[PDB]
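This report concerns only the one structure given below.
Cβ atoms come from the backbone with ideal geometry, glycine included; neighbour counts cover every protein chain shown. Coordinate-derived values only; no laboratory data.
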Amino acid sequence: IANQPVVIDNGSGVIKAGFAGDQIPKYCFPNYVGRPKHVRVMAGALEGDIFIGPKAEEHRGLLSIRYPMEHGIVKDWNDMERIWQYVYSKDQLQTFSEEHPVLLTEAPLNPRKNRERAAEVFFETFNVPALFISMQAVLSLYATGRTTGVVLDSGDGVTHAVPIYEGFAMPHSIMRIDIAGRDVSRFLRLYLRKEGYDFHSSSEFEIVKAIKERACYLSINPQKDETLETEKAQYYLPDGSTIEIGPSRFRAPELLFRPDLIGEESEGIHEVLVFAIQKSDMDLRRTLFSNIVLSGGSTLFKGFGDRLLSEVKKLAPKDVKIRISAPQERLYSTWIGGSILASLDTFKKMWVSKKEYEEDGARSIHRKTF
Amino acid sequence: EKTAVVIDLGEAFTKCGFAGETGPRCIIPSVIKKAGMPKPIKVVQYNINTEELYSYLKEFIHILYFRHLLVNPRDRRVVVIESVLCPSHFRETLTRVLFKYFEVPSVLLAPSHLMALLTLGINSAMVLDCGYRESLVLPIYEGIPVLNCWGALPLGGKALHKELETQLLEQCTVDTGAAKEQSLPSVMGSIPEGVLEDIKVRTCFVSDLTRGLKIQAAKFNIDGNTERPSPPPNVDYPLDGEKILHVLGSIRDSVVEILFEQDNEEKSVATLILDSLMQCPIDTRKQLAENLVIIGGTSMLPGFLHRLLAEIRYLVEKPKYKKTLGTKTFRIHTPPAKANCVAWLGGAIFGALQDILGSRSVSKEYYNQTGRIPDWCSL
Amino acid sequence: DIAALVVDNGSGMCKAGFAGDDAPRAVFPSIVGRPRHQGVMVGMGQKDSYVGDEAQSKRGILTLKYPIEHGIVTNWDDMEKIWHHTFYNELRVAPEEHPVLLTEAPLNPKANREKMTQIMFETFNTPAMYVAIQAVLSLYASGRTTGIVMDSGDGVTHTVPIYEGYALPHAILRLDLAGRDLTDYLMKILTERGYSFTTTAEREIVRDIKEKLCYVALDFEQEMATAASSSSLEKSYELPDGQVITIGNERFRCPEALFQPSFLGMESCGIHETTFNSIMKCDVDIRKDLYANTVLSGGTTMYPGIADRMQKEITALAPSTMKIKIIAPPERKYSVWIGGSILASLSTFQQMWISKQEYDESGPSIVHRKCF
Amino acid sequence: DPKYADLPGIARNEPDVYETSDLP
Ligand SMILES: Nc1ncnc2c1ncn2[C@@H]1O[C@H](COP(=O)(O)OP(=O)(O)OP(=O)(O)O)[C@@H](O)[C@H]1O
Ligand SMILES: Nc1ncnc2c1ncn2[C@@H]1O[C@H](COP(=O)(O)OP(=O)(O)O)[C@@H](O)[C@H]1O
Ligand SMILES: Nc1ncnc2c1ncn2[C@@H]1O[C@H](COP(=O)(O)OP(=O)(O)O)[C@@H](O)[C@H]1O
Ligand SMILES: [Mg+2]
Ligand SMILES: [Mg+2]
Ligand SMILES: [Mg+2]
């Protein structure tokens, strides 16, 4: 098939869909399904029952939210199927699914059944001509245009570090932890409860996530900032009321680097990055320090680069160059890399044909990846 | 060493007394009667300017220390029971009131859930506190409160009082007695908090699991034909002397169903424990499931515990919890004190431990030197 | 007669007992657990750090650290805590009253043994002590004086050939692949299967799964094909919660890393190739005897069918005429300790102690002159 | 640069490279 492939970066928090030709993901929206909060049986209420994309943002107060993906693993497969069908809607891509081949993106070290069921859904419910599932860490280097680097993809659900040297991936050096943007949002909810502000509702999870996106910075010296009197930045709720966030602004994201404060048994973003570098072979390590590529939304935290540089400096060997290449487009780097990959003619030899899936069965999608 | 006093402040009621006592000496509404204003002001208020809160706490603690506890404040230590994730500003204001003004030796800001655990003698359980403002679940495992697996919902006594007021104002039938022996709905614009609280505690009750589910289904009544259970008889609650509010039978069992109603979000009082438990470490689940402790004034409503346990066992079988928490044996604890003052009883047990209480508590010299109260937030 | 203690500080599991006994008195995991939460108030009956089985029972809240990694003590405070628990709490004996016969793997850092001796003589004030090679003790336990011991425990797998009591230091071959590496690989393949285990507490659950279910396949490809084409090999395990999880081919892929380190990413020989290379490094005259007296030791050699697989692999590698005989006693998990007890029960061993007088005279470095 | 101007989450007013000082 010579039609333009469709690239669908499958985020835990925000999915990004588009065509491979485009330089940017033309379509992108949160990865959740919004249902009416009350069990509607009367007429005149929010009809349809399934609000996805900006529609869910229009009436966000009245909806109960449910994410299908958690920690990069699909939980509600019906909701994920609804999401993917909505990607092929009149609102997004205005096209039939049977025409275009598809490139998915999946987190590394995920369950095999997740990928198997995703392929089954994309080949059975949608009559797609072909499919290919890539890791986002491989795609970030495609997007940046470099052949080597350590990709630290800190998405909404999963935070993983992957070193690649000259296009060779180190499967045993990959590091992965579940402390990511959603966990930072949960900790921010807890700290805002400590401020005296309640966000119990699932819908209110969205506005505490908005507070995380708007006003939350990583302090190089958290003790000094805590001792220093905070400015108590004011934030506007959707309804109209103001809130003073206070010191929680710098306490919630701090758990990404030091999760053990809240008792979480996790390595921390700097720890997984450094250990992914160190587990690799020794001769590569210096170059792996000289090419660090950030990716994912959680890397967009204010002052994240400086704190990560400080941590890597104090953990790395002395007098070793470090280059945390943090492109401004790091939120959509994974999709841009997927588009660049799908543009290549080599992609023609990578995706599995529908007849190939029918004949070889499930194991094809496992073996053609590597 | 003199016996340390114990204070447990709450929106609805404050429990006060001495350590090493079988129960609190004093339990009163957390209000202060300022001159000139008919309805008194709530002492414990969050998100207010610190001067007003300081004055309120000063007056209330003075009332506690010179009306109910007949003893000087300077002599004896304090064991203040404050719930986990209590608002910070209220906490440092309370400690500042205790230190700067009263000059107590030291205040121990104990957590309510761990203290409630101490009363039973066990060292691990899933403590649910159904307070006035909100219900809160916290697991404790070997004296370590697992803050990571906390849970909370705003289904305490405040929401219940609001629901009662709404239902009464809808199905209002009050005999004014002044040429109004017939029903005269909503003669008064708003029912005071005291009347709602008395109606809730005296008349209302928590129905059985099956009856509650049938009531919830019949609320929608989609193609239903008298599927509701037969309600209890109506009760004629006297108001203000002459007035007689005919509290309907249906309200008495339907008002409290908001605690256990799911409403397309899978969030209720019962589901809260399961949600917290499913987040716990893999090894801690069983010991936390077999040890359940319920505290708080709302839990004292008649038939609450039976409905809660039945709803827990019912929701366990649902597909969300079937895989993980399916084969589990939940069991409720029966602490020696009434559920109003289990946390206070824990604080009282901790108070008589004179040797450790000096080291654990924060000395006034330390507070004067630093002015920073310890907290589980970053320092 | 004052009995001398024998303390096998394994990388994973610490064993301890009195000389002359048949089995160790105390056998507990060598872990130090610490509470995870810091900010919140701590309950009444608590310890700053838990050790041994106490940490294992309370592992749900604690975070565990192994003091010994790859047979090298990395945290000496934790190892000191482990020894204190071993002597005072478990054995319930004063360390100053008895000698102690510790054990160490071959080819370890010299500083490890030096610090071991220093800690034993200064902190605990034992009247004497000794450090012994684990393989030599395990050969003592089997009632042999000629043979090749492939002792594989939680941290390291070392092969030592011995002939008529004369060790051959230049033919010893050490590998860092053992135990913990297999547990981590089991975690990885379990994550591919669907069950995610990340915390240190879950490492104990994965270790228990490895102990209970895993086995060595005589033919790896045939068993893989059987697993693919049928569910006969699937077996169910119950977690402490009560969740039931099914393990399929992963039963015989976790221990297969012993014979194929390429699964773990290390470009090292398998245990069969390591044993064959160690035999071939020996002189030509004694090799036959070693082929007839291959001894398995350590806890990680307890997989079902490992003896048959090792016999098959060595027979394939070795010449046809030589007779291979892998000796795998049922109690081999404690064979490193038992021989140590024998070595402590001998009358001729009273001259092999490092007396405290000699330690004061020469310092810790005497451990390199006396022990080995 | 302007090709990413329309996207919501493009974080601007920050440097694209956080690196240690060069040493000869
Ligand atoms: N004996 C009782 N029987 C029934 N309900 C009661 C009883 N005592 C108090 N309540 C109700 O319980 C609620 C108060 O609970 P509780 O006294 O535990 O809260 P609190 O400590 O004041 O508040 P919070 O913990 O939120 O700070 C109110 O609804 C009150 O009406
Ligand atoms: N400026 C920002 N500050 C803080 N967090 C942000 C910012 N922008 C995005 N995020 C977070 O990043 C997450 C999106 O991650 P994403 O890149 O979608 O991960 P994935 O690889 O799963 O697609 C969101 O949940 C959001 O909370
Ligand atoms: N019955 C068994 N089956 C499989 N593996 C076992 C068995 N018993 C113990 N092990 C493994 O052996 C290891 C312990 O080995 P051990 O003899 O204690 O070595 P060391 O003495 O160096 O600690 C554990 O990590 C465990 O996984
Ligand atoms: Mg992504
Ligand atoms: Mg209470
Ligand atoms: Mg051993």
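At-a-glance table
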| read-out | value |
| --- | --- |
| Elements of type helices (runs of 4 or more DSSP H) in region A:259-370, at least 2 residues being closer than 30 Å to residue D:21 by Cβ and in contact with a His (Cβ under 7 Å, 6 or more places away or on another chain) | A:304-315 |
| Matching residues in region A:90-130 - criterion: being within 15 Å of residue A:75 (Cα to Cα) and within 16 Å of ligand 4 (Cβ to nearest atom) | A:106, A:107, A:110, A:114, A:115, A:118 |
| Top-ranked residue in region C:11-30 [being farther than 11 Å from residue C:334 by Cβ and within 11 Å of ligand 3 (Cβ to nearest atom); ranked as nearest to the other protein chains (Cβ to nearest Cβ)] | C:29 |
| Close pairs (8 angstrom Cβ cut-off, 6 or more residues apart or separate chains): among the aliphatic types (A, V, I, L, M) in region A:37-55, in a loop (DSSP other than H, G, I, E, B) anywhere | A:39/B:263; A:39/B:264; A:41/B:222; A:45/A:38; A:46/A:40; A:46/A:59; A:52/A:32 |
| Helices (runs of 4 or more DSSP H) (entirely within region B:282-379) containing at least 3 residues that are surrounded by fewer than 17 Cβ atoms within 10 Å (Cβ to Cβ) and touching a residue at least 40 places away in the same chain (Cβ under 8 Å) | B:354-360 |
| Selection status of residue B:353, within 14 Å of another protein chain (Cβ to nearest Cβ) and either of a type in the set (A, V, I, L, M, F, W, C) or closer than 19 Å to residue B:135 by Cα (or both) | yes |
| Count of residues meeting criterion [touching a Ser or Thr at 6+ places or on another chain (Cβ under 8 Å) and within 14 Å of another protein chain (Cβ to nearest Cβ)] in region C:200-226 | 5 |
| 2 or more residues within 16 Å of ligand 1 (Cβ to nearest atom), under 21 Å from residue C:217 (Cα atoms) and within 14 Å of chain A (Cβ to nearest Cβ): qualifying helices (runs of 4 or more DSSP H) within region C:243-347 | none |
| Unmet criterion (only one of (1) of a type in the set (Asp, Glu); (2) more than 16 Å from the chain's Cα centre (by Cα); (3) within 30 Å of residue A:212 (Cα to Cα)) for residue A:329 | (2) |
| Residue B:127 in contact with a helix residue (DSSP H, G or I) (Cβ under 7 Å, 6 or more places away or on another chain) and within 16 Å of ligand 5 (Cβ to nearest atom) | yes |
| Within region C:47-74, considering residues that are within 16 Å of ligand 3 (Cβ to nearest atom) and in a loop (DSSP other than H, G, I, E, B), the one nearest to the other protein chains (Cβ to nearest Cβ) | C:59 |
| Residue list for region A:241-256, restricted to those being under 19 Å from residue B:48 (Cα atoms) and either within 12 Å of another protein chain (Cβ to nearest Cβ) or free of Cβ contacts under 8 Å to residues at least 12 places away in the same chain (or both) | A:241, A:242, A:243, A:244, A:246, A:247, A:248 |
| Unique residue being touching a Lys or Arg at 6+ places or on another chain (Cβ under 7 Å), over 22 Å from residue C:184 (Cα atoms) and among the aliphatic types (A, V, I, L, M) when the list is C:94, C:16, C:23 | C:16 |
| Qualifying residue in region B:266-274 (condition: within 14 Å of chain C (Cβ to nearest Cβ) and either among the β-branched types (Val, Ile, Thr) or under 26 Å from the mean Cα position of the chain (by Cα) (or both)) | yes |
| Test: residue B:119 is of a type in the set (S, T, N, Q) and farther than 27 Å from residue B:50 by Cβ | yes |
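Listed here are the residues, each with its yes/no results for (1) under 19 Å from residue B:105 (Cα atoms); (2) among the β-branched types (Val, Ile, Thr).
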{"residue": "B:1", "(1), (2)": "yes, no"}
{"residue": "B:4", "(1), (2)": "yes, no"}
{"residue": "B:18", "(1), (2)": "yes, no"}
{"residue": "B:21", "(1), (2)": "no, no"}
{"residue": "B:30", "(1), (2)": "no, no"}
{"residue": "B:33", "(1), (2)": "no, no"}
{"residue": "B:45", "(1), (2)": "no, no"}
{"residue": "B:50", "(1), (2)": "no, yes"}
